[PDB]
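First to last, the protein sequences are chains R, L, B, D and C.
Under the authors' numbering, the final residue of the first sequence carries the number 473; numbering is consecutive throughout.
Under the authors' numbering, the final residue of the second sequence carries the number 1475; numbering is consecutive throughout.
Under the authors' numbering, the final residue of the third sequence carries the number 368; numbering is consecutive throughout.
Positions 126 to 135, 156 to 175 (the authors' numbering) are the ones given, in order, by the fourth sequence.
Positions 2 to 50, 58 to 116 (the authors' numbering) are the ones given, in order, by the fifth sequence.
Positions of the beta carbon are idealized from the N, C-alpha and C atoms, including for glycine.
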Amino acid sequence: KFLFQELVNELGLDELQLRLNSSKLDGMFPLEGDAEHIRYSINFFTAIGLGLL
Amino acid sequence: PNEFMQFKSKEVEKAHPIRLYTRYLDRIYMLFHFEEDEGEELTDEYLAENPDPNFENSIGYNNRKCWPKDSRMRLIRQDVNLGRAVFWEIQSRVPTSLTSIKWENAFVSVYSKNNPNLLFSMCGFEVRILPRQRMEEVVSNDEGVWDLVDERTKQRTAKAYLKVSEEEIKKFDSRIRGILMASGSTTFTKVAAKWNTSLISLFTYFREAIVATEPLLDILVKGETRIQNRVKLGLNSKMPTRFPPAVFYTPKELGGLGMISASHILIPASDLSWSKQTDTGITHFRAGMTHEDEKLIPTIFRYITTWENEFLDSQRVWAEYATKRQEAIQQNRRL
Amino acid sequence: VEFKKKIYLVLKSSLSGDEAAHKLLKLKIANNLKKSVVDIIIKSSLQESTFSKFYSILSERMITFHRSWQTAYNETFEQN
Amino acid sequence: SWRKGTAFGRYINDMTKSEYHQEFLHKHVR
Amino acid sequence: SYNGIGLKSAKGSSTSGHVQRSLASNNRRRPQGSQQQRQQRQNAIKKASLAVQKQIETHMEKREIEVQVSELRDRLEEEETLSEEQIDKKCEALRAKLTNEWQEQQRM
RNA sequence: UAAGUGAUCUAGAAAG
């Protein structure tokens, strides 16, 4: 959470999203559902100001 | 009433040129945000009022002499004219019989198309604000740089590089001199104590901003060595072998002096002829306060929380406090 | 143990991070302990009240220097 | 428009009275 | 001093005045090569992207004809054509034959 | 197409 906060503060939100989009991001941003598992990641990222969840 | 530099709306904030203002102790800090039209008007009225055929007025301009050529305010015929014009306007605004607002004691910085940096001094700092969008390549934000944050987006929109003002450096030097003199009577411990006090004042006041100013570094080394020679002179010794850093930097508990090194720092000594023109990445490190059998005496600067960290941290902890206060209220308890 | 102490001293004795980085590079430390050095640096960072630009700059410098240090920083991250 | 709303809108042979001297004193007192 | 970079001199400074080159200098020496991927990405992001031509074509065309004329001149001046009539006649022929061919071109 | 060569001041006696 702290790390992400730092990143956002430094780079920017949309920019950050773009950057991560370019990368793989398996554990952070899984696309293959895995049965109410994205819920978890999604939930956690709703805790901080993040979009696209 | 408004909080410090807040506004009831955006519209009101935007209405006037004079977007911010503050009089720290007989030194006003008017920030104007002109449009091209307004600027043109100002230049017009001034220039017409006070003509000059050549550029001319670029000389006799109060630039920030501490900063480097391409860092400080560039001298564009237009921007400079605007600046001077602005100053003239301000002077007109205040009556002369009440106070002396002489140009000579006034620094005017300008930000524009042709001027990317934005300078000032305040509370004995020198602060070069440079927005991220204007920077050619945002390197790893160095130390002695405040990344400023935009309130809306929460992104690091602008940087603020920090030097210590020449005036403050001079004051410090004077302090050191004072300490040195009236110390024939004074004993080593007392001398070192005074010096310690001086140093801690100098840092704890502007902590982060020491990194930049090479003159201040020089003063610290020079000053510190002078202090050491006060002891070493006192023993009529004044000699390297027989005063290893044990005697100085060891605390008063162990028969030492308690001197606080801001010395054994490596002084960043970049190419002096180039450095005057533009800021360089520090390339060559000079040896500051050296010694034979060099035990790496830690500085003091590493053990003081640099201001930016202190302030972000402050914001965090105070936020936390606020939140817990609310919790206490809800729970009806003494926090 | 004493190596660690030395490293710590090198960190402290610098003014800004760059100086510290320079000092560390001068140390001539072999590929063996680079990871250990990085760990030490991290721990030192932790010891402080807050995150410092200093340490970040130092990290950057070292990283830039040689691929081995990049590797070390990575593996340290993994460890963390 | 904005510049209207203000209150004010539009050698001697004495070493103790030299322009240099007064200026100097101003400089070196605070 | 050394390479615009040493201390003016060790007297004053109150120190050795020893002058190391930093080893972050190698980082400042090659940050474009080290962080080439920073600009590379950016570049990639924007990496996808008549009258004059006509004029050029015209020049080529007229020029070709003029080359024919020149050739005629060559043939004449070299091989038995001391008179001016020969030259002029040749030119005329070139104009007629050339602009005939080029009229054909126009038609197509 | 991806490292580390190098610049190193002083310096103690008298009288006050």
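Closest to residue i by CA distance: which of the options is it?
i              : options                                           : result
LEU1259(L)     : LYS1299(L), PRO1235(L), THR1236(L) and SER1280(L) : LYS1299(L)
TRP127(D)      : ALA1462(L), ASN1142(L), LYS1154(L) and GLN1146(L) : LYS1154(L)
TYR1169(L)     : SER1237(L), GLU1189(L), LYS1209(L) and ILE1241(L) : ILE1241(L)
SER1314(L)     : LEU1342(L), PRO1391(L) and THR1293(L)             : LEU1342(L)
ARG39(C)       : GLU1277(L), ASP1411(L) and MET1262(L)             : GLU1277(L)
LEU431(R)      : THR1390(L), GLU1178(L), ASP1287(L) and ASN1245(L) : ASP1287(L)
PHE1247(L)     : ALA1462(L), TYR1345(L) and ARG1212(L)             : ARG1212(L)
residue 487(R) : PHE465(R), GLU426(R) and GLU435(R)                : Residue 487(R) is absent from the model: chain R starts at 421 and stops at 473.
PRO1191(L)     : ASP1177(L), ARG1217(L) and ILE1350(L)             : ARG1217(L)
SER1252(L)     : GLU1176(L), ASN1197(L) and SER1325(L)             : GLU1176(L)
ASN4(C)        : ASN1142(L), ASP1411(L) and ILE1469(L)             : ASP1411(L)
Could you work out which residues of chain L lie near residue i, taking near to mean beta carbons separated by less than 9 Å?
i         : result
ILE345(B) : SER1280, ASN1281, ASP1282 and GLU1283
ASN441(R) : Going along chain L, no residue has its Cβ under 9 Å from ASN441(R), so there is no contact; the nearest lies around 18 Å.
In the DSSP assignment, the beta strand (DSSP E) including residue i goes from what residue to what residue?
i          : result
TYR1301(L) : 1298 to 1304
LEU1288(L) : 1285 to 1288
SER337(B)  : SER337(B) -> no beta strand (DSSP E), and no H or E assigned at all.
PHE1260(L) : 1258 to 1262
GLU1266(L) : 1265 to 1271
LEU436(R)  : That residue, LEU436(R), is in no beta strand (DSSP E); its alpha helix (DSSP H) goes 433 to 442.
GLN43(C)   : No beta strand (DSSP E) contains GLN43(C), which is instead part of the alpha helix (DSSP H) from 37 to 46.
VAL20(C)   : 20 to 22
Going along chain L, which residues have a C-beta under 8 Å from residue i?
i             : result
residue 51(C) : Missing here is residue 51(C): after 50, the next number in chain C is 58.
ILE6(C)       : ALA1409, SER1410, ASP1411, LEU1412, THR1423 and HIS1424
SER333(B)     : Residues of chain L passing the Cβ test: none, with the nearest at roughly 11 Å.
Where does the unbroken alpha helix (DSSP H) through residue i begin, and where does it stop?
i          : result
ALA11(C)   : 11 to 14
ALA1427(L) : Premise fails: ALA1427(L) lies in the beta strand (DSSP E), 1424 to 1427, not in any alpha helix (DSSP H).
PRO1380(L) : First-last for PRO1380(L): undefined, no H or E at that position.
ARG71(C)   : 59 to 86
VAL1226(L) : 1217 to 1233
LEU451(R)  : First-last for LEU451(R): undefined, no H or E at that position.
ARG1465(L) : 1447 to 1471
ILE1407(L) : Not the alpha helix (DSSP H): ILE1407(L) falls in the beta strand (DSSP E), residues 1406 to 1408.
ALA309(B)  : 305 to 314
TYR460(R)  : 458 to 467
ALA132(D)  : Careful: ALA132(D) lies outside any alpha helix (DSSP H) and carries neither H nor E.
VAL298(B)  : 290 to 301
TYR361(B)  : 355 to 367
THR107(C)  : 92 to 115
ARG30(C)   : 26 to 30
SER1415(L) : 1412 to 1415
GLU1432(L) : No alpha helix (DSSP H) contains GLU1432(L), which DSSP labels as neither H nor E.
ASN319(B)  : Neither: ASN319(B) is in no alpha helix (DSSP H) and is coded neither H nor E.
Name the chain C residues whose beta carbon is nearer than 8 Å to that of residue i?
i          : result
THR1430(L) : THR16, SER17 and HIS19
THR1365(L) : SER15 and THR16
Show which residues of chain L have a CB atom less than 7 Å away from the CB atom of residue i.
i         : result
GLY447(R) : Correct list: empty, because the minimum Cβ distance to chain L is about 25 Å.
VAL298(B) : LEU1436
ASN463(R) : Neighbours of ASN463(R) on chain L: none; closest Cβ ~21 Å, over 7 Å.
What does residue i touch in chain R if you count any residue whose Cβ is under 9 Å from its own?
i          : result
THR1293(L) : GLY432 and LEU433
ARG1274(L) : Here the premise fails: no neighbours, minimum Cβ distance about 16 Å.
Listing by chain order, which chain C residues have their CB less than 7 Å from the CB of residue i?
i          : result
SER1401(L) : The premise fails here: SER1401(L) is roughly 13 Å from chain C at the closest Cβ pair, so nothing lies under 7 Å.
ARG355(B)  : What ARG355(B) touches in chain C: nothing, since even the nearest Cβ is about 10 Å away.
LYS294(B)  : Simply none; closest approach about 17 Å.
Could you list which residues in chain B have their beta carbon closer than 8 Å to that of residue i, in chain order?
i          : result
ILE1405(L) : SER301, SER302, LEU303 and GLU307
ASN1336(L) : Under the 8 Å cutoff, chain B gives no residues; its nearest Cβ is about 17 Å from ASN1336(L).
Counting only Cβ pairs nearer than 9 Å, list the residues of chain C close to residue i.
i          : result
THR352(B)  : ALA25, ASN27, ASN28, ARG29, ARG31, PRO32, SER35 and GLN36
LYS1362(L) : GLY13, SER14, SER15 and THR16
Kindly list, in the order they appear in chain B, the residues whose Cβ is closer than 7 Å to that of residue i.
i          : result
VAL1351(L) : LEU303 and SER304
Please list the partners that residue i has in chain D, where partner means a Cβ-to-Cβ separation under 9 Å.
i          : result
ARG1233(L) : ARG128, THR131, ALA132, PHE133 and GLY134
Find the residues of chain D that neighbour residue i, judging by a C-beta separation of less than 8 Å, and give them in chain order.
i          : result
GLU1229(L) : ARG128
Pair every Cβ in the stretch 300 to 318 of chain B with every Cβ in the stretch 332 to 351 of chain B, then say whether three or more of these pairs are closer than 8 Å. Yes, since at least three Cβ pairs between the stretch 300 to 318 of chain B and the stretch 332 to 351 of chain B fall closer than 8 Å, the two stretches touch.
With a floor of 3 residues, list each beta strand (DSSP E) that falls wholly inside the stretch 1146 to 1210 of chain L, ordered by position along the chain. Taking 3 residues as the shortest admissible run, the stretch 1146 to 1210 of chain L contains the following complete beta strand (DSSP E) segments, listed from N- to C-terminal end: 1158 to 1160.
Below 8 Å, can you find three or more Cβ-Cβ pairs linking the stretch 1431 to 1447 of chain L to the stretch 1398 to 1408 of chain L? The stretch 1431 to 1447 of chain L vs the stretch 1398 to 1408 of chain L: in contact.
Any 3 or more C-beta pairs closer than 8 Å across the stretch 333 to 342 of chain B and the stretch 1272 to 1285 of chain L: Contact between the stretch 333 to 342 of chain B and the stretch 1272 to 1285 of chain L is established, with three or more Cβ pairs separated by less than 8 Å.
Should the stretch 1302 to 1320 of chain L be called in touch with the stretch 1204 to 1213 of chain L, which here means at least 3 C-beta pairs below 8 Å? Three or more Cβ pairs closer than 8 Å define a contact, and the stretch 1302 to 1320 of chain L meets that threshold against the stretch 1204 to 1213 of chain L.
In chain order, what are the residue ranges of uninterrupted beta strand (DSSP E) at least 3 long that sit wholly in the stretch 1304 to 1390 of chain L? Within the stretch 1304 to 1390 of chain L, no complete beta strand (DSSP E) run reaches 3 residues.
Using 8 Å as the threshold, is the stretch 1348 to 1364 of chain L in touch with the stretch 1405 to 1413 of chain L, meaning 3 or more CB pairs across them? Segments in contact, yes.
Are the stretch 1451 to 1459 of chain L and the stretch 1411 to 1422 of chain L in contact at 8 Å, needing three or more beta carbon pairs? No contact exists between the stretch 1451 to 1459 of chain L and the stretch 1411 to 1422 of chain L.
Touch test, the stretch 1326 to 1337 of chain L against the stretch 1365 to 1374 of chain L, Cβ-Cβ under 8 Å, three pairs minimum: Between the stretch 1326 to 1337 of chain L and the stretch 1365 to 1374 of chain L there are three or more inter-stretch CB-CB distances shorter than 8 Å, so the stretches are counted as touching.
Counting pairs of Cβ atoms below 8 Å between the stretch 6 to 23 of chain C and the stretch 1261 to 1276 of chain L, do you hit three or more? Flag = no, the stretch 6 to 23 of chain C and the stretch 1261 to 1276 of chain L do not touch.
Does the stretch 1422 to 1438 of chain L come into contact with the stretch 18 to 25 of chain C, if we say contact requires no fewer than three beta-carbon pairs (one atom in each stretch) closer than 8 Å? The stretch 1422 to 1438 of chain L vs the stretch 18 to 25 of chain C: in contact.
Would you be able to state if there are at least three C-beta pairs under 8 Å between the stretch 1222 to 1235 of chain L and the stretch 1179 to 1198 of chain L? As far as the Cβ criterion goes, the stretch 1179 to 1198 of chain L touches the stretch 1222 to 1235 of chain L, which means the pair count is three or higher.
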